[PDB]
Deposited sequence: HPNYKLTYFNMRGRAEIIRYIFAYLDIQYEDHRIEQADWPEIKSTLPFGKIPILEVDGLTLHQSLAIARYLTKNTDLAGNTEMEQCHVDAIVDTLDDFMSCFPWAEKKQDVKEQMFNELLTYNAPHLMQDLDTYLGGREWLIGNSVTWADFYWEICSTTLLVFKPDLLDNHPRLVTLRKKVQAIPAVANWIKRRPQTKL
C-alpha cells in the first residue's frame, strides 16, 4: 500500500475520477488542492507541466485517465474480461473527448463555443450513450465500472451549464443516481469540497 499524493486545483475537474476510485477502494491519499497562485512554481517541476498528477511513493504519474486505469487494475472497477476492459476504456475516452472540446482556458469566442457544444452536440452524445446503455443497469457488463463513475462525473459538470441535458433520457438519470447511491461514492459526494466545477 503506497503513499498517494494527488495534486490538482481546488475543483472536481480532471482529478475527480481519481478521487472516486480512491473512495470506492477505501485508499488513503493526500488530496492536495493548490491555489492558482502556487501553480507557476509547481508547473515548472513537472515532466509534462499539467495536472492532475499523482505521486506514488514520490514517483510522479500524470494523465488523469492513465492514473485512473492504473488504480483500477486488478479491481472490480476495471471490467471483468479483456473485452469488457476495452469497452470501459472506450466509453471513458468518448466522454473525455467531448469534455476536452470545451475551450476551458480561452470571453465571446469561449461563450459561443460552449453554447454550440451544449446545444448542438451534447444531445447527440446523450442519445448515443443511452443507446449504448441499451436498457441495461450499467454501461459495461453486469456491475459498476469506472466508466459509470466517469459518466456521472462528466454529466454532473455538463448539467451545471445545461440543466435540461437528460430531460429526454430518464435511463441516464437513473444510472447517475445508481452511481451516486453506491455507499463509498455517496459518502465522498456528501463530504467533498463544494466547488462549481
Missing residue ranges, deposited sequence indexing starting at 1: 107-108
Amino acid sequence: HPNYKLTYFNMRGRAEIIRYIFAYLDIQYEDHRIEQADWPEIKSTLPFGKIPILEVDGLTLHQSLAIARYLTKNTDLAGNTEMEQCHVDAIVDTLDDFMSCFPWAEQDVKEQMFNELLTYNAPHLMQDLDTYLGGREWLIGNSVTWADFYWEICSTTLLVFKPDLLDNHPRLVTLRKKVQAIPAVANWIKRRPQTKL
From here on, numbers count along this sequence of modelled residues.
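Take the two forms, find the largest set of C-alpha atoms that superpose within 1.5 Å, and that set is the rigid core.
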107-115 against 90-98 - segment lying farther from this form in 7 other deposited structures of this protein (CA RMS, rigid core fit): 107-115
Average Cα temperature factor in the PDB entry - higher stretch of 4-12, 186-194: 186-194
Comparing 122-130 with 74-82, the one whose average Cα B-factor in the PDB entry is higher: 74-82
Residue with highest C-alpha B-factor in the PDB entry, from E35, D31, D148, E55: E35
C-alpha B-factor winner, where the candidates are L46, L159, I153, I140: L46
Ranked C-alpha temperature factor of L166 among modelled chain residues, by third: middle
Chain third (lowest, middle, highest) by recorded CA B-factor, residue given as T94: lowest
